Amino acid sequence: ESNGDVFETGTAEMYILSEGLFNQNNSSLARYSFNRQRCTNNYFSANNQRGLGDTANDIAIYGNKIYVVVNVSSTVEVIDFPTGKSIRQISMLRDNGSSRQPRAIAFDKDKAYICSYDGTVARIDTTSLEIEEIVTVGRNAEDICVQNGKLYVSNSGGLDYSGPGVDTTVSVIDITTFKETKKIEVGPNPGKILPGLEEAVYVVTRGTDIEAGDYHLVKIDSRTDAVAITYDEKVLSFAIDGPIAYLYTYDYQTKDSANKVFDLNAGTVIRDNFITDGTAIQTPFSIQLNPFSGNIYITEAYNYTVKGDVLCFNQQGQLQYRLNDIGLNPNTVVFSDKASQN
């Protein structure tokens, strides 16, 4: 169930999103209350008497709402934060009525922006919860963030691995006009994209063949909308803490992996093994900072067919605590400094 004193600084609660398995309709949403000292595994269903859906791929708290992007069900579930009750299921559909297959969400002002596999971004209003506009980006949008009055969308072209091939750009959208202003060439199969200091946007590129392990982190400059730096370190996913990145890399062929601390300014490894206390992770599956405490959260997916765990590390790579069997394939952890009225 749990190991270590389960404890956080400055944080009332965390939510853990589990994707389950492709076409098993078994995504789930867990909640651990720090205030109440209480773990609920099935917080969406328990409160709404229906499942979150198939391949839940993203979660964010913003305003007083929780948004879950559901890829295969092709929906954005919106949940009232205080009560935990569904407000709305927003169906994400092509003009012909087919699945857009949304991937990721980002917010600016009172608007949300969702990117999908069909190569589009949808603007959604955070009050009306209606889709207002669509704009096209590149192929198979994978991820999205905001930096400097602009959205940056990873054009993975991931689903084209066998046809035209993976895509190679980050689209830039101007928020005020919701017009796509440029495609910045970054490298093959871009993925996770996070904003950083000095108007920086960082993106991983996963290579033309994901099994090969040709992973780069690229830094974009948002002032000029050009690449600033391409690093040499093999990065599959990362989280930023100022000029420090917490990253990992995983080899699908050899199941070997590494978790590291990395200096974004010098482009050098600070510590070759983030973990300093000898805690094993077989399948690191996400990595993110708790912004209220600066702890590092990594998920363990094991072999993708048993329930995964959540692990909390201080920045010195000592494990604080872990929550075991939290969900099937936990891929995102999020944090509230304010308790839900639940």
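Numbering starts at 1 and runs along the sequence shown.
query = Comparing 270 to 278 with 50 to 58, which stretch shows the greater average C-alpha B-factor in the deposited entry?
reply = Stretch with the greater average CA B-factor: 270 to 278.
query = Once you work out the mean C-alpha B-factor for both 38 to 46 and 288 to 296 from the entry, which is higher?
reply = Higher mean C-alpha B-factor: 38 to 46.
Selection from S74, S154, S98, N148 [criterion: highest C-alpha temperature factor in the record] = Of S74, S154, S98, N148, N148 has the highest C-alpha B-factor.
query = Out of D167, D110, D143, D263, which residue has the highest Cα temperature factor in the PDB record?
reply = That would be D110.
query = By the record's CA B-factor, is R123 among the lowest, middle or highest third of residues in the chain?
reply = It belongs to the middle third of the chain when residues are ordered by C-alpha B-factor.
query = Considering only modelled residues of the same chain, in which third does the CA B-factor of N189 rank: lowest, middle or highest?
reply = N189: CA B-factor falls in the lowest third of its chain.
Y231 - which third its CA temperature factor falls in, relative to the rest of the chain = Its C-alpha B-factor belongs to the middle third of this chain's values.
ask   = Lowest, middle or highest third: where is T83 by C-alpha B factor in its chain?
value = As the PDB entry reports it, the C-alpha B-factor of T83 lands in the middle third of its chain.
ask   = Among the modelled residues of its chain, does the C-alpha B-factor of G327 lie in the lowest, middle or highest third?
value = Highest third - that is where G327 ends up once the chain's C-alpha B-factors are sorted.
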